[PDB]
Structures are given as C-alpha cells and as structure tokens.
Amino acid sequence: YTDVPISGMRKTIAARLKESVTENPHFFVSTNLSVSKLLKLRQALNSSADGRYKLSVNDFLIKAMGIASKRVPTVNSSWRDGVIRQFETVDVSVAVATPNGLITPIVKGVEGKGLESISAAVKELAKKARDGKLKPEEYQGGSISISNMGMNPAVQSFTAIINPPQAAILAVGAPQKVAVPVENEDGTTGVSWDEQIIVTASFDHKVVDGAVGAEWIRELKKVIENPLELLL
C-alpha cells in the first residue's frame with residue numbers, strides 16, 4: 001500500500017550485514033552473569049562521589065571485555081588477505097541507538113584506562129551520536145563490539161550480527177530475578193534471589209573456535225562475578 005522508498009543509506013548497511021552473514025559463519029555462546037555484587041560496587045562508587053561521575057553497568061562490561069580480550073588474545077583478531085591481524089589494545093565499539101538507525105563509536109585503549117574515563121568517553125560519544133557530529137575515524141575500526149539492551153526490560157536474550165571485519169560481538173539482555181540455592185547456618189538449603197543477566201556472544205568460526213569462545217566467556221564471567229578482579 002504505502003511504498004516509501006529506501007533511504008539509500010540503509011542499502012549500504014544491508015549489503016554490509018549481507019557480507020557479515022555470508023562470510024562469517026556465526027555461532028553463539030550464552031551465559032548468565034550474576035551482577036548482585038557488581039550493582040553493590042556501582043552503588044558504592046556512585047555514592048562516594050560529589051557529582052564528578054556516574055557509573056553504569058556498561059562501564060564494568062566494557063572493562064571486563066578488555067580484561068577478557070587481553071587474557072584470550074585469539075578473540076581480539078580479524079580476517080584479512082591470507083592473514084590473521086591480531087591487535088594488542090582492546091578497542092570497543094559501543095552501539096548507540098539514534099533515530100537515524102545505528103552507529104558504533106569506538107572507545108580506544110580500554111585495558112588500563114579507568115572507569116571514569118570509560119564513562120566520560122561513552123557519554124561524549126553517545127551525546128555526539130545523538131547530535132550527529134562524528135568523524136569517520138571515530139566509528140570506523142575497532143576490534144570487538146557490544147550491543148546493550150538493558151533499558152528494555154522485555155528482552156531476556158538476543159543475538160547480534162558481527163560488524164565486519166571484527167571477530168566477535170556481545171549482546172546483553174535485561175536483568176531478571178532467578179532463584180539460586182543458599183545454605184543457612186544449619187544443614188538445610190534455602191531460596192535466595194539473585195540478579196542475573198543473560199549474555200550472548202556471537203563468534204566467527206574462521207578465527208575463534210568453540211573452546212576459545214568458552215574460555216573467553218569463562219574469563220568474562222569470572223571478572224564479572226568477582227568484581228575485585230577489575231583491579232588486576
């Protein structure tokens with residue numbers, strides 16, 4: 001009936017996603033991260049401030065992605081002319097939802113940067129993405145991506161398409177209350193309510209195998225569920 005035409009900008013993104021799904025054989029690895037200690041650490045770090053900063057879960061996730069990509073360097077790679085290009089630093093592309101679609105500004109040098117610097121760079125790039133004032137060197141590049149959907153409480157889990165020429169992409173669902181067993185100080189078991197987040201990582205099988213993706217997911221889960229390991 002109504003036949004509004006394609007903008008032309010959508011055609012390049014459609015061809016790019018076509019390239020991604022036709023040259024990257026994707027496989028997904030799902031996990032559930034417990035963030036009950038991460039939320040307490042974020043609450044303490046936000047309460048011990050004078051309005052200098054404001055921390056979110058995405059800052060801890062980007063720092064944990066940097067730590068996990070430094071520990072497993074096979075995921076921090078690409079696919080080039082007969083050659084695998086392996087980087088040292090973790091450059092994390094963060095997806096920002098604008099009314100003109102999707103853009104991925106890059107936070108450069110994630111490992112050894114600082115949570116306040118990460119929060120400042122994410123806020124700068126997000127407000128500049130909403131104003132539409134970016135340079136091509138700010139959204140062209142990166143070694144790993146992350147898609148965030150925590151503001152929507154309906155999305156329990158979702159998958160994402162890998163932006164070429166990267167090798168992996170993360171997808172973070174809304175937190176939910178999951179029943180987790182607990183021992184009391186006597187012999188019986190109990191019911192405790194834990195805040196869990198379903199995290200799905202999509203890997204390219206030409207670069208990352210299933211054991212390498214499982215090791216990356218295990219290190220990410222370790223750094224998330226033990227928040228004091230973000231110091232190291």
# chains A, B, ... in the order shown; residues from 1 in each chain; ligands from 1
>>> residues_around(residues="residue 42 (chain A)", least_positions_apart="3", cutoff="8 Å", atoms="only C-alpha atoms", output="ChimeraX atom specification")
/A:38-39,45-46,55-57
>>> select_by_dssp(residues="region 2-118 of chain A", states="strand (DSSP E)", output="list in words")
residues 26, 27, 28, 29, 30, 31, 32, 33, 34, 92, 93, 94, 96, 97, 98, 101, 102, 103, 106 and 107 of chain A
>>> write_last_selection(atoms="N, CA and C atoms", output="mmCIF file, in the first residue's frame")
data_model
loop_
_atom_site.group_PDB
_atom_site.id
_atom_site.type_symbol
_atom_site.label_atom_id
_atom_site.label_comp_id
_atom_site.auth_asym_id
_atom_site.auth_seq_id
_atom_site.Cartn_x
_atom_site.Cartn_y
_atom_site.Cartn_z
ATOM 1 N N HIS A 26 28.583 -17.709 11.886
ATOM 2 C CA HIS A 26 28.407 -17.330 13.278
ATOM 3 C C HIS A 26 28.073 -18.543 14.135
ATOM 4 N N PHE A 27 28.522 -18.503 15.386
ATOM 5 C CA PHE A 27 27.997 -19.407 16.398
ATOM 6 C C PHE A 27 27.910 -18.658 17.718
ATOM 7 N N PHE A 28 26.855 -18.937 18.472
ATOM 8 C CA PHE A 28 26.534 -18.198 19.679
ATOM 9 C C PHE A 28 26.901 -19.009 20.912
ATOM 10 N N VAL A 29 27.394 -18.313 21.934
ATOM 11 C CA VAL A 29 27.668 -18.895 23.244
ATOM 12 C C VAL A 29 26.937 -18.045 24.274
ATOM 13 N N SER A 30 26.036 -18.659 25.033
ATOM 14 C CA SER A 30 25.223 -17.946 26.006
ATOM 15 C C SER A 30 25.675 -18.271 27.423
ATOM 16 N N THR A 31 25.512 -17.298 28.314
ATOM 17 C CA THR A 31 25.849 -17.475 29.718
ATOM 18 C C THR A 31 24.960 -16.562 30.549
ATOM 19 N N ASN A 32 24.961 -16.794 31.856
ATOM 20 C CA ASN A 32 24.222 -15.966 32.802
ATOM 21 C C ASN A 32 25.208 -15.394 33.813
ATOM 22 N N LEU A 33 25.384 -14.079 33.787
ATOM 23 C CA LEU A 33 26.280 -13.392 34.704
ATOM 24 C C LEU A 33 25.491 -12.913 35.912
ATOM 25 N N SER A 34 26.014 -13.188 37.105
ATOM 26 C CA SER A 34 25.431 -12.662 38.330
ATOM 27 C C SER A 34 26.029 -11.292 38.620
ATOM 28 N N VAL A 92 36.805 -0.967 21.819
ATOM 29 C CA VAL A 92 35.452 -1.491 21.981
ATOM 30 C C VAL A 92 34.474 -0.558 21.282
ATOM 31 N N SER A 93 33.738 -1.091 20.311
ATOM 32 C CA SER A 93 32.705 -0.340 19.610
ATOM 33 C C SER A 93 31.387 -0.498 20.356
ATOM 34 N N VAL A 94 30.793 0.618 20.769
ATOM 35 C CA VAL A 94 29.554 0.615 21.539
ATOM 36 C C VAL A 94 28.426 1.092 20.637
ATOM 37 N N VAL A 96 25.061 2.793 19.649
ATOM 38 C CA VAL A 96 24.210 3.880 20.119
ATOM 39 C C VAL A 96 22.976 3.931 19.230
ATOM 40 N N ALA A 97 21.797 3.918 19.849
ATOM 41 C CA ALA A 97 20.530 3.901 19.121
ATOM 42 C C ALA A 97 20.089 5.337 18.864
ATOM 43 N N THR A 98 20.247 5.784 17.623
ATOM 44 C CA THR A 98 19.816 7.076 17.121
ATOM 45 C C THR A 98 18.567 6.909 16.255
ATOM 46 N N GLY A 101 18.920 5.257 12.909
ATOM 47 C CA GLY A 101 19.387 3.885 12.845
ATOM 48 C C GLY A 101 20.387 3.476 13.908
ATOM 49 N N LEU A 102 21.591 3.096 13.487
ATOM 50 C CA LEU A 102 22.582 2.548 14.402
ATOM 51 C C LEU A 102 23.961 3.075 14.038
ATOM 52 N N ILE A 103 24.735 3.423 15.060
ATOM 53 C CA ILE A 103 26.120 3.843 14.887
ATOM 54 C C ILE A 103 26.933 3.204 16.008
ATOM 55 N N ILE A 106 33.763 4.217 18.935
ATOM 56 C CA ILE A 106 34.786 3.334 19.481
ATOM 57 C C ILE A 106 35.442 3.993 20.685
ATOM 58 N N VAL A 107 35.559 3.236 21.771
ATOM 59 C CA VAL A 107 36.381 3.593 22.919
ATOM 60 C C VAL A 107 37.730 2.920 22.712
#
>>> closest_atom_pairs(of="region 36-101 of chain A", to="region 207-215 of chain A", cutoff="9 Å", atoms="only C-alpha atoms", output="JSON lines")
{"residue": "A:68", "atom": "CA", "partner": "A:215", "partner_atom": "CA", "distance": 9.0}
{"residue": "A:72", "atom": "CA", "partner": "A:215", "partner_atom": "CA", "distance": 7.4}
{"residue": "A:74", "atom": "CA", "partner": "A:208", "partner_atom": "CA", "distance": 6.7}
{"residue": "A:75", "atom": "CA", "partner": "A:208", "partner_atom": "CA", "distance": 6.0}
{"residue": "A:77", "atom": "CA", "partner": "A:207", "partner_atom": "CA", "distance": 7.4}
{"residue": "A:78", "atom": "CA", "partner": "A:207", "partner_atom": "CA", "distance": 7.2}
{"residue": "A:79", "atom": "CA", "partner": "A:207", "partner_atom": "CA", "distance": 7.3}
{"residue": "A:84", "atom": "CA", "partner": "A:207", "partner_atom": "CA", "distance": 7.9}
>>> closest_residue(among="A:122, A:179, A:69, A:231", to="residue 217 (chain A)", atoms="only C-alpha atoms")
A:69
>>> atom_distance(atom1="CA of residue 120 (chain A)", atom2="CA of residue 85 (chain A)")
29.3 Å
>>> residues_around(residues="region 59-65 of chain A", least_positions_apart="5", cutoff="8 Å", atoms="only C-alpha atoms", output="VMD selection string")
chain A and resid 38 92 110 to 111 115 118 to 119 220 223 to 224 230
>>> select_by_dssp(residues="region 21-230 of chain A", states="alpha helix (DSSP H)", output="tab-separated table (two decimals) with N, CA and C atoms, in the first residue's frame")
chain	number	residue	atom	x	y	z
A	21	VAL	N	26.93	-11.99	7.25
A	21	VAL	CA	26.30	-13.30	7.40
A	21	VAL	C	26.75	-14.27	6.32
A	22	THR	N	27.30	-13.77	5.21
A	22	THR	CA	27.69	-14.71	4.16
A	22	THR	C	29.17	-15.06	4.22
A	23	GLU	N	29.98	-14.29	4.94
A	23	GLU	CA	31.40	-14.61	5.00
A	23	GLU	C	31.80	-15.04	6.41
A	36	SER	N	24.88	-9.18	41.21
A	36	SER	CA	24.45	-8.70	42.52
A	36	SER	C	25.58	-8.03	43.29
A	37	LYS	N	26.82	-8.42	43.04
A	37	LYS	CA	27.97	-7.74	43.63
A	37	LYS	C	28.41	-6.55	42.78
A	38	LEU	N	28.22	-6.64	41.46
A	38	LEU	CA	28.56	-5.54	40.57
A	38	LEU	C	27.66	-4.33	40.82
A	39	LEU	N	26.38	-4.57	41.11
A	39	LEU	CA	25.47	-3.48	41.43
A	39	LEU	C	25.81	-2.85	42.78
A	40	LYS	N	26.27	-3.65	43.74
A	40	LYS	CA	26.69	-3.10	45.03
A	40	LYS	C	27.95	-2.25	44.88
A	41	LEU	N	28.90	-2.72	44.06
A	41	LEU	CA	30.12	-1.94	43.80
A	41	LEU	C	29.80	-0.64	43.07
A	42	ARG	N	28.86	-0.69	42.12
A	42	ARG	CA	28.46	0.51	41.40
A	42	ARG	C	27.73	1.49	42.32
A	43	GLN	N	26.91	0.97	43.23
A	43	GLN	CA	26.21	1.82	44.18
A	43	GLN	C	27.18	2.50	45.14
A	44	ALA	N	28.19	1.76	45.60
A	44	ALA	CA	29.20	2.34	46.49
A	44	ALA	C	30.04	3.39	45.78
A	45	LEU	N	30.45	3.11	44.54
A	45	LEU	CA	31.28	4.05	43.80
A	45	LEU	C	30.48	5.28	43.37
A	46	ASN	N	29.17	5.14	43.20
A	46	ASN	CA	28.34	6.30	42.87
A	46	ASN	C	28.02	7.12	44.12
A	47	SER	N	27.87	6.45	45.27
A	47	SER	CA	27.57	7.18	46.50
A	47	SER	C	28.79	7.91	47.03
A	57	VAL	N	26.36	-0.07	34.26
A	57	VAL	CA	26.78	-1.47	34.12
A	57	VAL	C	27.63	-1.65	32.86
A	58	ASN	N	27.42	-0.78	31.86
A	58	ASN	CA	28.15	-0.87	30.61
A	58	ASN	C	29.63	-0.56	30.79
A	59	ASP	N	29.98	0.26	31.78
A	59	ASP	CA	31.38	0.55	32.08
A	59	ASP	C	32.11	-0.69	32.59
A	60	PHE	N	31.49	-1.40	33.55
A	60	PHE	CA	32.05	-2.64	34.05
A	60	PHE	C	32.10	-3.70	32.96
A	61	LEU	N	31.10	-3.72	32.08
A	61	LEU	CA	31.09	-4.69	30.99
A	61	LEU	C	32.19	-4.42	29.98
A	62	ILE	N	32.44	-3.15	29.66
A	62	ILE	CA	33.49	-2.79	28.71
A	62	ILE	C	34.87	-3.08	29.30
A	63	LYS	N	35.05	-2.79	30.60
A	63	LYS	CA	36.32	-3.11	31.26
A	63	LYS	C	36.55	-4.61	31.36
A	64	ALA	N	35.49	-5.38	31.63
A	64	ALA	CA	35.63	-6.83	31.70
A	64	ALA	C	35.88	-7.43	30.32
A	65	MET	N	35.31	-6.83	29.28
A	65	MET	CA	35.60	-7.25	27.91
A	65	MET	C	37.05	-6.99	27.55
A	66	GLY	N	37.59	-5.85	28.00
A	66	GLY	CA	39.01	-5.57	27.78
A	66	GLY	C	39.92	-6.55	28.50
A	67	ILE	N	39.57	-6.89	29.74
A	67	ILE	CA	40.36	-7.84	30.52
A	67	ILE	C	40.30	-9.23	29.90
A	68	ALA	N	39.11	-9.65	29.46
A	68	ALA	CA	38.95	-10.97	28.85
A	68	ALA	C	39.62	-11.05	27.48
A	69	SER	N	39.59	-9.97	26.70
A	69	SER	CA	40.27	-9.98	25.41
A	69	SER	C	41.78	-9.90	25.57
A	70	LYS	N	42.27	-9.31	26.66
A	70	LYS	CA	43.70	-9.36	26.93
A	70	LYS	C	44.14	-10.74	27.40
A	71	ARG	N	43.29	-11.43	28.17
A	71	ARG	CA	43.64	-12.78	28.62
A	71	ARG	C	43.53	-13.82	27.51
A	115	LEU	N	37.58	3.58	34.91
A	115	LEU	CA	36.13	3.52	34.75
A	115	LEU	C	35.53	4.90	34.53
A	116	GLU	N	36.11	5.93	35.15
A	116	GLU	CA	35.62	7.29	34.95
A	116	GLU	C	35.95	7.78	33.55
A	117	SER	N	37.12	7.41	33.03
A	117	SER	CA	37.48	7.75	31.66
A	117	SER	C	36.59	7.03	30.66
A	118	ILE	N	36.25	5.77	30.95
A	118	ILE	CA	35.36	5.00	30.08
A	118	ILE	C	33.96	5.61	30.08
A	119	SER	N	33.46	5.99	31.27
A	119	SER	CA	32.14	6.62	31.38
A	119	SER	C	32.10	7.96	30.67
A	120	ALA	N	33.17	8.75	30.79
A	120	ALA	CA	33.24	10.04	30.13
A	120	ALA	C	33.27	9.89	28.61
A	121	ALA	N	34.06	8.93	28.11
A	121	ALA	CA	34.15	8.72	26.67
A	121	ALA	C	32.84	8.18	26.10
A	122	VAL	N	32.17	7.29	26.84
A	122	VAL	CA	30.89	6.75	26.39
A	122	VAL	C	29.82	7.84	26.37
A	123	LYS	N	29.81	8.72	27.37
A	123	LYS	CA	28.83	9.81	27.39
A	123	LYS	C	29.09	10.82	26.28
A	124	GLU	N	30.37	11.18	26.06
A	124	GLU	CA	30.76	12.06	24.96
A	124	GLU	C	30.32	11.49	23.61
A	125	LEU	N	30.65	10.22	23.35
A	125	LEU	CA	30.34	9.63	22.05
A	125	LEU	C	28.85	9.42	21.87
A	126	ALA	N	28.12	9.13	22.95
A	126	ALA	CA	26.67	8.94	22.84
A	126	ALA	C	25.95	10.26	22.57
A	127	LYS	N	26.35	11.34	23.25
A	127	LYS	CA	25.69	12.62	23.01
A	127	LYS	C	26.09	13.19	21.64
A	128	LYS	N	27.31	12.89	21.18
A	128	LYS	CA	27.68	13.32	19.84
A	128	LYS	C	27.03	12.45	18.78
A	129	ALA	N	26.67	11.21	19.12
A	129	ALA	CA	25.91	10.38	18.18
A	129	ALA	C	24.47	10.85	18.09
A	130	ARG	N	23.92	11.34	19.20
A	130	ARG	CA	22.58	11.91	19.17
A	130	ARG	C	22.55	13.25	18.43
A	131	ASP	N	23.63	14.04	18.52
A	131	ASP	CA	23.71	15.27	17.74
A	131	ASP	C	24.21	15.07	16.31
A	210	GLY	N	35.11	-23.07	19.36
A	210	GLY	CA	34.18	-23.14	20.47
A	210	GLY	C	34.86	-23.17	21.82
A	211	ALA	N	36.02	-23.83	21.90
A	211	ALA	CA	36.78	-23.85	23.15
A	211	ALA	C	37.37	-22.49	23.48
A	212	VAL	N	37.81	-21.75	22.45
A	212	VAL	CA	38.35	-20.41	22.66
A	212	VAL	C	37.24	-19.45	23.09
A	213	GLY	N	36.06	-19.58	22.47
A	213	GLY	CA	34.92	-18.77	22.88
A	213	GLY	C	34.44	-19.11	24.28
A	214	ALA	N	34.52	-20.39	24.66
A	214	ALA	CA	34.14	-20.80	26.00
A	214	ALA	C	35.13	-20.30	27.04
A	215	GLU	N	36.43	-20.28	26.71
A	215	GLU	CA	37.42	-19.70	27.61
A	215	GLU	C	37.23	-18.19	27.77
A	216	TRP	N	36.92	-17.50	26.67
A	216	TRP	CA	36.64	-16.06	26.74
A	216	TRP	C	35.41	-15.78	27.59
A	217	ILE	N	34.35	-16.57	27.42
A	217	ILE	CA	33.13	-16.43	28.21
A	217	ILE	C	33.40	-16.75	29.68
A	218	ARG	N	34.25	-17.74	29.96
A	218	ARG	CA	34.58	-18.09	31.34
A	218	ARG	C	35.38	-17.00	32.03
A	219	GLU	N	36.34	-16.39	31.32
A	219	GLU	CA	37.11	-15.31	31.91
A	219	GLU	C	36.26	-14.06	32.11
A	220	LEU	N	35.34	-13.78	31.18
A	220	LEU	CA	34.42	-12.66	31.34
A	220	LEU	C	33.49	-12.88	32.53
A	221	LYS	N	32.99	-14.11	32.69
A	221	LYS	CA	32.13	-14.44	33.82
A	221	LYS	C	32.89	-14.37	35.14
A	222	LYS	N	34.17	-14.76	35.14
A	222	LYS	CA	34.99	-14.68	36.35
A	222	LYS	C	35.21	-13.23	36.76
A	223	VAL	N	35.57	-12.37	35.80
A	223	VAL	CA	35.82	-10.96	36.11
A	223	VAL	C	34.53	-10.24	36.50
A	224	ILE	N	33.38	-10.66	35.94
A	224	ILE	CA	32.12	-10.02	36.31
A	224	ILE	C	31.66	-10.47	37.69
A	225	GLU	N	31.68	-11.78	37.96
A	225	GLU	CA	31.17	-12.29	39.23
A	225	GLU	C	32.15	-12.10	40.38
>>> residues_around(residues="residue 171 (chain A)", least_positions_apart="6", cutoff="9 Å", atoms="only C-alpha atoms", output="NGL selection string")
:A and (145-149 or 157-160 or 198-202)
>>> atom_distance(atom1="CA of residue 50 (chain A)", atom2="CA of residue 232 (chain A)")
26.3 Å
>>> decode(residues="region 27-43 of chain A", atoms="N, CA, C and O atoms", output="PDB file, in the first residue's frame")
ATOM      1  N   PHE A  27      28.522 -18.503  15.386  1.00  0.00           N
ATOM      2  CA  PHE A  27      27.997 -19.407  16.398  1.00  0.00           C
ATOM      3  C   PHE A  27      27.910 -18.658  17.718  1.00  0.00           C
ATOM      4  O   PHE A  27      28.772 -17.835  18.034  1.00  0.00           O
ATOM      5  N   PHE A  28      26.855 -18.937  18.472  1.00  0.00           N
ATOM      6  CA  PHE A  28      26.534 -18.198  19.679  1.00  0.00           C
ATOM      7  C   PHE A  28      26.901 -19.009  20.912  1.00  0.00           C
ATOM      8  O   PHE A  28      26.763 -20.234  20.931  1.00  0.00           O
ATOM      9  N   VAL A  29      27.394 -18.313  21.934  1.00  0.00           N
ATOM     10  CA  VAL A  29      27.668 -18.895  23.244  1.00  0.00           C
ATOM     11  C   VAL A  29      26.937 -18.045  24.274  1.00  0.00           C
ATOM     12  O   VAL A  29      27.183 -16.838  24.369  1.00  0.00           O
ATOM     13  N   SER A  30      26.036 -18.659  25.033  1.00  0.00           N
ATOM     14  CA  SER A  30      25.223 -17.946  26.006  1.00  0.00           C
ATOM     15  C   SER A  30      25.675 -18.271  27.423  1.00  0.00           C
ATOM     16  O   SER A  30      26.156 -19.372  27.705  1.00  0.00           O
ATOM     17  N   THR A  31      25.512 -17.298  28.314  1.00  0.00           N
ATOM     18  CA  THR A  31      25.849 -17.475  29.718  1.00  0.00           C
ATOM     19  C   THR A  31      24.960 -16.562  30.549  1.00  0.00           C
ATOM     20  O   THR A  31      24.286 -15.674  30.026  1.00  0.00           O
ATOM     21  N   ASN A  32      24.961 -16.794  31.856  1.00  0.00           N
ATOM     22  CA  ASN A  32      24.222 -15.966  32.802  1.00  0.00           C
ATOM     23  C   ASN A  32      25.208 -15.394  33.813  1.00  0.00           C
ATOM     24  O   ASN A  32      25.806 -16.138  34.597  1.00  0.00           O
ATOM     25  N   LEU A  33      25.384 -14.079  33.787  1.00  0.00           N
ATOM     26  CA  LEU A  33      26.280 -13.392  34.704  1.00  0.00           C
ATOM     27  C   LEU A  33      25.491 -12.913  35.912  1.00  0.00           C
ATOM     28  O   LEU A  33      24.427 -12.306  35.761  1.00  0.00           O
ATOM     29  N   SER A  34      26.014 -13.188  37.105  1.00  0.00           N
ATOM     30  CA  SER A  34      25.431 -12.662  38.330  1.00  0.00           C
ATOM     31  C   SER A  34      26.029 -11.292  38.620  1.00  0.00           C
ATOM     32  O   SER A  34      27.251 -11.146  38.718  1.00  0.00           O
ATOM     33  N   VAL A  35      25.167 -10.289  38.745  1.00  0.00           N
ATOM     34  CA  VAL A  35      25.594  -8.904  38.882  1.00  0.00           C
ATOM     35  C   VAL A  35      25.173  -8.318  40.228  1.00  0.00           C
ATOM     36  O   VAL A  35      25.123  -7.104  40.384  1.00  0.00           O
ATOM     37  N   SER A  36      24.883  -9.177  41.210  1.00  0.00           N
ATOM     38  CA  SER A  36      24.448  -8.701  42.520  1.00  0.00           C
ATOM     39  C   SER A  36      25.576  -8.025  43.289  1.00  0.00           C
ATOM     40  O   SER A  36      25.318  -7.141  44.112  1.00  0.00           O
ATOM     41  N   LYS A  37      26.823  -8.420  43.037  1.00  0.00           N
ATOM     42  CA  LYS A  37      27.966  -7.737  43.629  1.00  0.00           C
ATOM     43  C   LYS A  37      28.413  -6.552  42.784  1.00  0.00           C
ATOM     44  O   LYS A  37      28.922  -5.561  43.322  1.00  0.00           O
ATOM     45  N   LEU A  38      28.220  -6.642  41.464  1.00  0.00           N
ATOM     46  CA  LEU A  38      28.559  -5.539  40.573  1.00  0.00           C
ATOM     47  C   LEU A  38      27.664  -4.333  40.822  1.00  0.00           C
ATOM     48  O   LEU A  38      28.129  -3.187  40.785  1.00  0.00           O
ATOM     49  N   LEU A  39      26.381  -4.573  41.108  1.00  0.00           N
ATOM     50  CA  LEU A  39      25.473  -3.477  41.430  1.00  0.00           C
ATOM     51  C   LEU A  39      25.807  -2.846  42.776  1.00  0.00           C
ATOM     52  O   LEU A  39      25.674  -1.627  42.931  1.00  0.00           O
ATOM     53  N   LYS A  40      26.269  -3.646  43.742  1.00  0.00           N
ATOM     54  CA  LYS A  40      26.695  -3.097  45.029  1.00  0.00           C
ATOM     55  C   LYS A  40      27.954  -2.252  44.882  1.00  0.00           C
ATOM     56  O   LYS A  40      28.070  -1.184  45.498  1.00  0.00           O
ATOM     57  N   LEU A  41      28.904  -2.716  44.062  1.00  0.00           N
ATOM     58  CA  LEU A  41      30.116  -1.942  43.804  1.00  0.00           C
ATOM     59  C   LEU A  41      29.801  -0.644  43.068  1.00  0.00           C
ATOM     60  O   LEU A  41      30.381   0.407  43.372  1.00  0.00           O
ATOM     61  N   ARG A  42      28.862  -0.693  42.116  1.00  0.00           N
ATOM     62  CA  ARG A  42      28.457   0.512  41.398  1.00  0.00           C
ATOM     63  C   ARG A  42      27.734   1.489  42.317  1.00  0.00           C
ATOM     64  O   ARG A  42      27.934   2.705  42.217  1.00  0.00           O
ATOM     65  N   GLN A  43      26.910   0.971  43.234  1.00  0.00           N
ATOM     66  CA  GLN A  43      26.206   1.825  44.185  1.00  0.00           C
ATOM     67  C   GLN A  43      27.178   2.500  45.144  1.00  0.00           C
ATOM     68  O   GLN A  43      27.038   3.690  45.448  1.00  0.00           O
TER      69      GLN A  43
END
